[PDB]
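Novice: Just upload_0.txt, nothing more (compact mmCIF, C-alpha atoms):
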```txt
# COMPACT_ATOMS: atom_id res chain seq x y z
CA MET E 1 15.79 -25.92 48.76
CA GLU E 2 15.54 -22.19 49.23
CA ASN E 3 17.99 -19.49 48.20
CA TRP E 4 19.68 -18.64 51.48
CA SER E 5 21.62 -15.87 49.75
CA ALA E 6 18.28 -14.13 49.26
CA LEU E 7 17.75 -14.29 53.01
CA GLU E 8 21.28 -13.02 53.59
CA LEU E 9 21.33 -9.99 51.29
CA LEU E 10 17.76 -8.79 51.85
CA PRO E 11 17.33 -6.39 54.77
CA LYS E 12 15.90 -8.13 57.79
CA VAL E 13 13.54 -7.27 60.62
CA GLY E 14 15.39 -7.11 63.93
CA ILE E 15 13.62 -9.43 66.36
CA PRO E 16 14.47 -10.37 69.95
CA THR E 17 14.72 -14.06 69.02
CA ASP E 18 14.55 -15.71 72.45
CA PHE E 19 13.52 -19.36 72.38
CA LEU E 20 13.94 -21.71 75.31
CA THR E 21 16.90 -24.03 74.76
CA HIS E 22 20.34 -23.36 73.36
CA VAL E 23 20.50 -22.44 69.70
CA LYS E 24 22.78 -25.30 68.67
CA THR E 25 20.66 -27.71 70.71
CA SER E 26 17.41 -26.59 69.09
CA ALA E 27 19.07 -26.79 65.69
CA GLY E 28 20.93 -30.11 65.86
CA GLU E 29 18.04 -31.88 67.59
CA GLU E 30 15.78 -30.88 64.69
CA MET E 31 13.18 -28.43 65.89
CA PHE E 32 12.88 -26.53 62.61
CA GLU E 33 12.10 -27.74 59.13
CA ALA E 34 15.01 -26.81 56.85
CA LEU E 35 18.28 -25.82 58.51
CA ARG E 36 21.38 -24.36 56.93
CA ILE E 37 24.37 -23.72 59.18
CA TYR E 38 27.60 -22.33 57.80
CA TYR E 39 30.30 -22.09 60.44
CA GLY E 40 32.80 -19.85 58.72
CA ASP E 41 31.72 -17.05 56.42
CA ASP E 42 30.31 -18.53 53.25
CA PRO E 43 30.97 -16.72 49.95
CA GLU E 44 27.87 -18.32 48.40
CA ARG E 45 25.94 -15.17 49.33
CA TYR E 46 28.11 -13.18 46.91
CA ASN E 47 27.27 -15.11 43.74
CA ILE E 48 24.12 -13.78 42.09
CA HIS E 49 22.59 -15.59 39.12
CA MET T 1 10.88 -25.84 32.60
CA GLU T 2 9.76 -22.66 30.84
CA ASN T 3 6.96 -20.57 32.31
CA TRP T 4 4.86 -20.27 29.17
CA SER T 5 2.02 -18.71 31.17
CA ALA T 6 4.06 -15.54 31.71
CA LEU T 7 4.37 -15.21 27.95
CA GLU T 8 0.59 -15.30 27.56
CA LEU T 9 -0.18 -12.97 30.46
CA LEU T 10 2.48 -10.25 30.37
CA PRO T 11 1.97 -7.48 27.81
CA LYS T 12 4.18 -7.99 24.78
CA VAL T 13 5.50 -5.72 22.07
CA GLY T 14 4.24 -5.80 18.52
CA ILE T 15 6.80 -6.87 15.94
CA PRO T 16 6.58 -7.73 12.24
CA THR T 17 7.62 -11.37 12.30
CA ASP T 18 9.48 -12.57 9.20
CA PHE T 19 10.32 -16.25 9.50
CA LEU T 20 12.43 -17.75 6.73
CA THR T 21 10.25 -20.72 5.81
CA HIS T 22 6.67 -21.30 6.89
CA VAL T 23 6.33 -20.95 10.63
CA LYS T 24 4.68 -24.34 11.21
CA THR T 25 7.57 -25.94 9.33
CA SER T 26 10.13 -24.10 11.47
CA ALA T 27 8.18 -25.25 14.51
CA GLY T 28 7.93 -28.86 13.35
CA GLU T 29 11.59 -29.04 12.34
CA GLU T 30 12.83 -27.68 15.70
CA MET T 31 14.97 -24.70 14.79
CA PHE T 32 14.11 -23.08 18.11
CA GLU T 33 15.05 -24.52 21.47
CA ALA T 34 11.86 -24.76 23.54
CA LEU T 35 8.40 -24.96 22.00
CA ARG T 36 4.86 -24.78 23.31
CA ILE T 37 2.90 -25.36 20.12
CA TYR T 38 -0.73 -26.38 20.57
CA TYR T 39 -4.21 -25.88 19.12
CA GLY T 40 -7.49 -24.54 20.40
CA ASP T 41 -7.80 -22.41 23.52
CA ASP T 42 -5.77 -23.68 26.44
CA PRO T 43 -7.04 -22.49 29.83
CA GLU T 44 -3.53 -23.17 31.16
CA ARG T 45 -2.80 -19.45 31.48
CA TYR T 46 -5.43 -18.96 34.20
CA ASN T 47 -4.61 -21.15 37.23
CA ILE T 48 -1.99 -18.89 38.78
CA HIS T 49 -0.25 -20.28 41.85
CA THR A 295 -11.57 -4.67 79.77
CA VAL A 296 -9.18 -5.27 76.90
CA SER A 297 -8.72 -3.37 73.66
CA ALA A 298 -9.27 -6.05 71.03
CA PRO A 299 -8.96 -5.56 67.26
CA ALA A 300 -12.44 -4.93 65.93
CA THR A 301 -11.98 -6.42 62.45
CA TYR A 302 -9.39 -8.57 60.75
CA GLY A 303 -6.60 -6.58 59.17
CA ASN A 304 -6.05 -6.84 55.44
CA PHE A 305 -2.90 -7.92 53.68
CA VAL A 306 -3.22 -6.87 50.06
CA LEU A 307 -1.09 -7.53 47.00
CA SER A 308 0.79 -4.49 45.86
CA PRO A 309 0.88 -4.51 42.03
CA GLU A 310 4.63 -5.14 42.18
CA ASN A 311 3.76 -8.57 43.53
CA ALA A 312 1.49 -9.48 40.60
CA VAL A 313 4.41 -9.67 38.19
CA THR A 314 6.34 -11.97 40.51
CA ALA A 315 3.21 -14.08 40.95
CA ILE A 316 2.83 -14.44 37.20
CA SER A 317 6.47 -14.97 36.24
CA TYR A 318 8.36 -16.54 39.12
CA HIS A 319 5.41 -18.13 41.00
CA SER A 320 6.06 -16.31 44.26
CA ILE A 321 5.03 -13.32 46.34
CA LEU A 322 7.61 -11.34 48.26
CA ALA A 323 5.50 -9.36 50.70
CA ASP A 324 6.10 -5.65 51.38
CA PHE A 325 7.97 -5.23 48.13
CA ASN A 326 8.42 -1.46 48.04
CA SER A 327 9.88 -1.26 51.55
CA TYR A 328 12.38 -3.95 50.58
CA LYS A 329 13.23 -1.99 47.44
CA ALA A 330 13.72 1.24 49.38
CA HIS A 331 15.84 -0.24 52.15
CA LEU A 332 17.85 -2.22 49.61
CA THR A 333 18.65 0.85 47.54
CA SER A 334 19.25 2.89 50.71
CA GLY A 335 21.60 0.47 52.46
CA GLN A 336 19.77 0.52 55.79
CA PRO A 337 19.63 -3.17 56.78
CA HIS A 338 16.80 -3.01 59.33
CA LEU A 339 13.20 -2.71 58.28
CA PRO A 340 11.02 -0.70 60.68
CA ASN A 341 8.37 -3.41 60.79
CA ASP A 342 7.28 -6.63 59.12
CA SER A 343 4.64 -7.15 56.43
CA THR J 295 28.83 8.82 4.45
CA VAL J 296 26.33 7.18 6.79
CA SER J 297 25.14 8.07 10.27
CA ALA J 298 26.67 5.95 13.00
CA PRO J 299 25.80 5.64 16.70
CA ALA J 300 28.59 7.53 18.44
CA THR J 301 27.80 5.98 21.84
CA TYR J 302 27.60 2.51 23.28
CA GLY J 303 24.24 1.13 24.32
CA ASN J 304 24.18 2.11 27.97
CA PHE J 305 21.59 0.04 29.81
CA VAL J 306 21.02 0.12 33.55
CA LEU J 307 19.28 -2.11 36.08
CA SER J 308 16.16 -1.01 37.98
CA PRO J 309 16.11 -1.39 41.79
CA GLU J 310 13.14 -3.73 41.82
CA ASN J 311 15.01 -5.73 39.20
CA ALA J 312 17.74 -5.97 41.82
CA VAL J 313 15.15 -7.20 44.31
CA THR J 314 13.97 -9.89 41.88
CA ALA J 315 17.61 -10.66 41.14
CA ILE J 316 18.33 -11.34 44.80
CA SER J 317 15.12 -13.16 45.62
CA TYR J 318 14.24 -15.24 42.54
CA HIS J 319 17.59 -15.43 40.66
CA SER J 320 15.98 -13.77 37.65
CA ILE J 321 15.68 -10.46 35.83
CA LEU J 322 12.66 -9.06 34.02
CA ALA J 323 13.90 -6.18 31.89
CA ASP J 324 11.95 -2.90 32.18
CA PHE J 325 10.00 -3.99 35.25
CA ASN J 326 8.29 -0.62 35.74
CA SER J 327 6.87 -0.66 32.22
CA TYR J 328 5.62 -4.23 32.57
CA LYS J 329 4.10 -3.45 35.96
CA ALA J 330 2.38 -0.35 34.61
CA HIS J 331 1.02 -1.99 31.47
CA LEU J 332 -0.21 -5.01 33.40
CA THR J 333 -2.42 -3.12 35.85
CA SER J 334 -3.34 -0.54 33.22
CA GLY J 335 -5.05 -2.69 30.62
CA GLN J 336 -3.17 -2.26 27.37
CA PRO J 337 -1.41 -5.50 26.28
CA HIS J 338 1.01 -3.94 23.75
CA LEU J 339 4.12 -2.06 24.84
CA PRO J 340 5.81 0.62 22.73
CA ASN J 341 9.16 -1.17 22.58
CA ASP J 342 11.33 -3.72 24.31
CA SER J 343 14.25 -3.02 26.63
CA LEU O 344 -25.25 -4.48 -11.75
CA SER O 345 -22.91 -1.67 -12.79
CA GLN O 346 -25.48 0.63 -11.18
CA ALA O 347 -25.26 -1.49 -8.03
CA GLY O 348 -22.91 0.29 -5.67
CA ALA O 349 -19.19 1.07 -5.93
CA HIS O 350 -19.97 4.68 -5.09
CA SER O 351 -16.94 6.30 -3.48
CA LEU O 352 -13.29 6.06 -4.48
CA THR O 353 -10.19 5.58 -2.35
CA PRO O 354 -6.58 5.77 -3.54
CA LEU O 355 -3.96 3.08 -3.15
CA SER O 356 -0.47 2.71 -4.60
CA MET O 357 0.21 -0.52 -6.50
CA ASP O 358 2.71 -1.58 -9.16
CA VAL O 359 1.65 -1.40 -12.81
CA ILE O 360 3.44 -2.07 -16.09
CA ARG O 361 3.01 -1.09 -19.73
CA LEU O 362 2.09 -3.91 -22.13
CA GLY O 363 1.90 -2.30 -25.56
CA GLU O 364 -0.03 0.70 -24.20
CA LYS O 365 -2.33 -1.70 -22.32
CA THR O 366 -1.41 -1.11 -18.70
CA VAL O 367 -1.96 -3.98 -16.26
CA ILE O 368 -1.55 -4.50 -12.53
CA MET O 369 1.34 -6.48 -11.14
CA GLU O 370 0.43 -8.26 -7.92
CA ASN O 371 1.67 -11.21 -5.90
CA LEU O 372 -0.37 -13.10 -3.32
CA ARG O 373 2.60 -14.09 -1.17
CA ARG O 374 1.53 -11.95 1.78
CA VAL O 375 -1.95 -13.47 1.99
CA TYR O 376 -0.55 -17.02 2.09
CA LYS O 377 2.36 -15.90 4.24
CA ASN O 378 2.00 -18.11 7.30
CA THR O 379 -1.23 -19.97 6.69
CA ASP O 380 -2.13 -23.65 6.63
CA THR O 381 -3.49 -23.88 3.09
CA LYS O 382 -1.60 -24.11 -0.19
CA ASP O 383 -1.20 -21.10 -2.44
CA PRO O 384 -3.17 -22.06 -5.58
CA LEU O 385 -0.84 -20.04 -7.80
CA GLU O 386 1.60 -22.85 -7.12
CA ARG O 387 0.61 -25.88 -9.12
CA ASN O 388 1.63 -29.35 -10.24
CA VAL O 389 1.65 -30.25 -13.94
CA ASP O 390 1.94 -33.78 -15.30
CA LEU O 391 3.95 -34.73 -18.36
CA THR O 392 3.80 -38.27 -19.69
CA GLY S 55 68.43 2.01 21.66
CA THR S 56 65.09 3.47 20.60
CA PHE S 57 61.42 2.56 20.31
CA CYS S 58 58.46 2.98 17.96
CA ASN S 59 55.06 4.37 18.85
CA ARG S 60 52.84 4.40 15.77
CA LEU S 61 49.64 2.37 16.07
CA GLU S 62 46.64 2.17 13.76
CA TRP S 63 43.86 2.57 16.29
CA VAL S 64 40.63 0.88 15.27
CA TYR S 65 37.26 1.10 16.99
CA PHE S 66 34.29 -1.23 17.09
CA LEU S 67 31.78 1.51 16.34
CA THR S 68 33.76 3.17 13.56
CA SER S 69 34.19 -0.15 11.75
CA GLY S 70 31.60 -1.31 9.25
CA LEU S 71 30.91 -4.45 11.27
CA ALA S 72 28.99 -2.31 13.76
CA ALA S 73 26.21 -2.30 11.17
CA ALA S 74 25.89 -6.02 11.84
CA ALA S 75 25.48 -5.45 15.57
CA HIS S 76 23.50 -3.35 18.02
CA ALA S 77 26.15 -2.53 20.59
CA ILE S 78 24.90 -2.47 24.18
CA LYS S 79 26.93 -1.71 27.30
CA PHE S 80 25.57 -3.32 30.47
CA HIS S 81 27.94 -3.35 33.40
CA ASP S 82 26.73 -6.46 35.25
CA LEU S 83 27.17 -9.21 32.67
CA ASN S 84 29.40 -11.15 35.06
CA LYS S 85 26.38 -11.95 37.21
CA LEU S 86 24.36 -12.99 34.16
CA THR S 87 24.01 -16.64 33.29
CA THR S 88 21.80 -16.92 30.21
CA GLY S 89 19.67 -14.37 28.44
CA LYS S 90 16.50 -15.69 26.85
CA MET S 91 14.20 -13.97 24.37
CA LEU S 92 10.86 -15.77 24.28
CA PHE S 93 8.45 -15.17 21.41
CA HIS S 94 4.74 -15.78 20.92
CA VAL S 95 3.27 -16.11 17.44
CA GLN S 96 -0.21 -17.14 16.31
CA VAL S 97 -0.90 -18.03 12.70
CA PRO S 98 -3.52 -16.54 10.37
CA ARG S 99 -6.08 -19.06 9.17
CA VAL S 100 -7.74 -19.17 5.76
CA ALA S 101 -11.45 -19.89 5.39
CA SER S 102 -11.92 -23.42 4.10
CA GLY S 103 -13.92 -24.57 1.10
CA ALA S 104 -16.91 -26.88 0.93
CA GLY S 105 -16.27 -30.20 2.64
CA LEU S 106 -12.65 -29.73 3.36
CA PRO S 107 -10.95 -30.58 6.64
CA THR S 108 -10.43 -27.23 8.29
CA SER S 109 -7.68 -25.68 10.38
CA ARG S 110 -8.00 -23.96 13.74
CA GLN S 111 -6.12 -21.36 15.74
CA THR S 112 -2.52 -22.39 16.34
CA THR S 113 -0.21 -20.49 18.64
CA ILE S 114 3.51 -21.11 18.78
CA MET S 115 5.72 -20.16 21.73
CA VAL S 116 9.44 -20.25 20.98
CA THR S 117 12.43 -18.94 22.91
CA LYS S 118 15.82 -17.69 21.77
CA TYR S 119 18.97 -17.77 23.86
CA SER S 120 22.20 -15.86 24.44
CA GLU S 121 25.79 -17.02 24.13
CA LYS S 122 28.60 -16.25 26.57
CA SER S 123 32.02 -15.36 25.24
CA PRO S 124 34.97 -14.23 27.39
CA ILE S 125 37.89 -12.37 25.84
CA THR S 126 41.10 -11.25 27.51
CA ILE S 127 44.72 -10.18 27.10
CA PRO S 128 47.65 -10.37 29.53
CA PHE S 129 50.25 -7.64 29.84
CA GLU S 130 53.24 -7.22 32.13
CA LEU S 131 55.25 -4.52 33.89
CA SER S 132 58.88 -4.45 34.95
CA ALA S 133 59.71 -3.95 38.61
CA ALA S 134 61.90 -0.91 37.89
CA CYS S 135 58.96 0.74 36.14
CA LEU S 136 56.90 -0.09 39.23
CA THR S 137 59.31 1.54 41.66
CA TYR S 138 59.59 4.50 39.30
CA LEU S 139 55.83 5.01 39.14
CA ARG S 140 55.10 4.43 42.84
CA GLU S 141 57.76 6.94 43.91
CA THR S 142 60.03 9.48 42.24
CA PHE S 143 63.75 9.68 42.98
CA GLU S 144 65.75 12.87 42.92
CA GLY S 145 69.26 12.92 41.53
CA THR S 146 70.82 13.87 38.20
CA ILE S 147 69.01 14.09 34.87
```
Please go through the file and, once you have read it, give me the structure as structure tokens.
Specialist:
Amino acid sequence: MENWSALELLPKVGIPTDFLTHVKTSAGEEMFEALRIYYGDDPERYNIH
Amino acid sequence: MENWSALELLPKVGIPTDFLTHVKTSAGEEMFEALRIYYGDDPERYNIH
Amino acid sequence: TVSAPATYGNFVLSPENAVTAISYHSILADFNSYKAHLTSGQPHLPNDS
Amino acid sequence: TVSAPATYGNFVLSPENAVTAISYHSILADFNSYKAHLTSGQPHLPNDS
Amino acid sequence: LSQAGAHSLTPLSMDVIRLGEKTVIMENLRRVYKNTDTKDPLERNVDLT
Amino acid sequence: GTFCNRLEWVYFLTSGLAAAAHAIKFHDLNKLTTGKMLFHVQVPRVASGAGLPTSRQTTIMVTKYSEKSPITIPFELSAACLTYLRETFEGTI
């Protein structure tokens, strides 16, 4: 289980991410391998170990 | 649990070690927390993944 | 006619990545650009590794 | 009368240590010195961090 | 045999003591059996019946 | 009513117990979990005699650890001192 805070805080490459279906549909119907969906604004990105 | 390969590959510093008793006794009586005592020449420090 | 790539491009390990390969068993590609844009604050990399 | 250190031991973090801190949840102290002495060839540092 | 070799001379500082104007060399072999696997033969066991 | 304002200030570096320590200031300890100090030591052999069981090279890899310790102190302020410090009032003496 990867460190999603490392994905959050590291600077990202801006990509025109345009897949076919809706985003929630492609997530919740399990297109990708390991999903991680926070709905609010998680403070787990702010704790560094 | 402990990456003992990084101890054998990274360049160390040179310190005058002064154990209290004999060092094999302090190893065999478990003063320290994590040990990697062995004999011979382990090739474990070579298969880097 | 199309302008094809003549040879395969090369991804090489920067020597920053060797220490992470030894210690933490991972390679974070394009390490110096991540370091620069993390100490600069600019959140968008110009391109991907 | 003896000589006493009039300052605290100020000790900073390197930026690539911050990158390793974000990505791998770990810190290797004096990362530039380790990275230099790895690719150089000498296995004995002057001193620790 | 006295002719055989021992040509040059090098200085070294040791600890010597006066024994009735017969000076002798103090020496301890602790540092040669410091962290070895054998027994220091200057230690001994004596039986009394 | 009056007060008293004589205090014997002591310092960690001026005290003799600083000889026991090596004081280091590092501003991001709150993100630190555990600090390890791993050691590698190989033993010197001694050449064996005739017919004895002989040793071989033995390396020993140990690892020290750090200990966390939080210290604190509470202290309070009156509300009248707060409204005096946040704003001054004109008036008499």
Novice: After superposing chain J onto chain A (least squares, all C-alpha atoms, pairing by order), export the transformed chain as a tab-separated table (two decimals) with C-alpha atoms, in the coordinates of the input.
Specialist:
```tsv
chain	number	residue	atom	x	y	z
J	295	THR	CA	-12.42	-5.22	80.15
J	296	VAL	CA	-9.61	-5.40	77.60
J	297	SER	CA	-9.09	-3.69	74.26
J	298	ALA	CA	-9.79	-5.90	71.28
J	299	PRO	CA	-9.08	-5.38	67.57
J	300	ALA	CA	-12.50	-4.61	66.11
J	301	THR	CA	-11.35	-5.28	62.53
J	302	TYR	CA	-9.84	-8.16	60.64
J	303	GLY	CA	-6.28	-7.91	59.41
J	304	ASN	CA	-6.84	-6.56	55.92
J	305	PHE	CA	-3.75	-7.15	53.81
J	306	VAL	CA	-3.48	-6.39	50.11
J	307	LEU	CA	-1.14	-7.39	47.30
J	308	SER	CA	1.15	-4.89	45.55
J	309	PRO	CA	1.13	-4.75	41.72
J	310	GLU	CA	4.78	-5.65	41.36
J	311	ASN	CA	4.04	-8.54	43.70
J	312	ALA	CA	1.50	-9.56	41.09
J	313	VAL	CA	4.21	-9.31	38.44
J	314	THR	CA	6.52	-11.55	40.49
J	315	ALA	CA	3.56	-13.83	41.13
J	316	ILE	CA	2.96	-14.30	37.42
J	317	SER	CA	6.58	-14.53	36.35
J	318	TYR	CA	8.41	-16.42	39.12
J	319	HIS	CA	5.54	-18.19	40.97
J	320	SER	CA	6.51	-16.39	44.17
J	321	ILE	CA	5.55	-13.49	46.41
J	322	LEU	CA	7.84	-11.21	48.38
J	323	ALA	CA	5.67	-9.37	50.88
J	324	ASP	CA	6.10	-5.57	51.02
J	325	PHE	CA	8.14	-5.39	47.83
J	326	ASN	CA	8.30	-1.58	47.78
J	327	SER	CA	9.82	-1.46	51.26
J	328	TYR	CA	12.39	-4.13	50.43
J	329	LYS	CA	13.26	-2.39	47.17
J	330	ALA	CA	13.65	0.95	48.91
J	331	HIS	CA	15.74	-0.35	51.80
J	332	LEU	CA	17.98	-2.34	49.48
J	333	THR	CA	19.08	0.56	47.29
J	334	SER	CA	19.03	2.96	50.24
J	335	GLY	CA	21.61	1.40	52.52
J	336	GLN	CA	19.91	0.63	55.81
J	337	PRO	CA	19.69	-3.15	56.46
J	338	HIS	CA	17.00	-3.04	59.19
J	339	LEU	CA	13.33	-2.48	58.37
J	340	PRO	CA	10.83	-1.00	60.83
J	341	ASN	CA	8.51	-4.01	60.76
J	342	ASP	CA	7.46	-7.00	58.71
J	343	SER	CA	4.38	-7.29	56.52
```
Novice: What residues in chain A lie within 12 Å of chain J, counting all atoms listed in the file, written as a list in words?
Specialist: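 The answer, sorted by residue number, is residues 308, 309, 310, 311, 312, 313, 314, 315, 316, 317, 318, 319, 320, 321, 322, 323, 324, 325, 326, 327, 328, 329, 330, 331, 332, 333 and 334 of chain A.
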Novice: Just need the residues of chain A within 6 Å of chain E, counting only C-alpha atoms, so spit them out as number ranges by chain.
Specialist: A: 337-339
Novice: Taking all C-alpha atoms matched one to one in order, superimpose chain T on chain E and note the resulting RMSD in Å.
Specialist: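 The fitted C-alpha deviation between chain E and chain T is 0.6 Å.
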Novice: Counting all atoms listed in the file, which residues in chain J sit no more than 10 Å from chain S? For each one, give the nearest pair of atoms and the distance in Å, sorted by chain then residue number, as a Markdown table.
Specialist:
```
| residue | atom | partner | partner_atom | distance |
| --- | --- | --- | --- | --- |
| J:298 | CA | S:67 | CA | 7.5 |
| J:299 | CA | S:67 | CA | 7.3 |
| J:300 | CA | S:67 | CA | 7.1 |
| J:301 | CA | S:67 | CA | 8.1 |
| J:302 | CA | S:78 | CA | 5.7 |
| J:303 | CA | S:78 | CA | 3.7 |
| J:304 | CA | S:79 | CA | 4.8 |
| J:305 | CA | S:80 | CA | 5.3 |
| J:306 | CA | S:80 | CA | 6.5 |
| J:307 | CA | S:80 | CA | 8.5 |
| J:315 | CA | S:85 | CA | 9.7 |
| J:319 | CA | S:86 | CA | 9.7 |
| J:320 | CA | S:86 | CA | 9.1 |
| J:321 | CA | S:86 | CA | 9.2 |
```
Novice: Quote the spacing between atom CA of residue T:40 and atom CA of residue J:342 in Å to one decimal place.
Specialist: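 We find that atom CA of residue T:40 and atom CA of residue J:342 lie 28.3 Å from each other.
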Novice: Should the cut-off be 12 Å, what would the residue list for chain T against chain O look like, counting all atoms listed in the file, as a count of residues only?
Specialist: 11
Novice: Each residue of chain S lying at most 12 Å from chain O should get a row with its shortest atom-to-atom pair and the distance in Å to one decimal, counting only C-alpha atoms; could you produce that, ordered by chain and increasing number, as a tab-separated table?
Specialist:
```
residue	atom	partner	partner_atom	distance
S:95	CA	O:378	CA	10.4
S:96	CA	O:378	CA	9.3
S:97	CA	O:378	CA	6.1
S:98	CA	O:379	CA	5.5
S:99	CA	O:379	CA	5.5
S:100	CA	O:379	CA	6.6
S:101	CA	O:381	CA	9.2
S:102	CA	O:381	CA	8.5
S:103	CA	O:381	CA	10.6
S:106	CA	O:381	CA	10.9
S:107	CA	O:381	CA	10.6
S:108	CA	O:380	CA	9.2
S:109	CA	O:380	CA	7.0
S:110	CA	O:380	CA	9.2
S:111	CA	O:380	CA	10.2
S:112	CA	O:380	CA	9.8
S:113	CA	O:378	CA	11.8
S:114	CA	O:378	CA	12.0
```
Novice: Could you tell me which residues of chain E sit within 10 Å of chain S when counting all atoms listed in the file, and give me the result as a VMD selection string?
Specialist: chain E and resid 46 to 49
Novice: Please report the interatomic distance between atom CA of residue S:117 and atom CA of residue S:91 in Å with one decimal.
Specialist: 5.5 Å
Novice: I'd like the interatomic distance between atom CA of residue S:126 and atom CA of residue S:62, to a tenth of an Å.
Specialist: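 Value for the atom CA of residue S:126-atom CA of residue S:62 distance: 20.0 Å.
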Novice: Please return the centre and edge lengths, in Å to one decimal, of a box with edges along x, y and z that contains all listed atoms of stretch 349-360 of chain O, widened by 3 Å on every side, as lines of an AutoDock Vina configuration file.
Specialist:
```
center_x = -8.3
center_y = 2.1
center_z = -9.2
size_x = 29.4
size_y = 14.4
size_z = 19.7
```
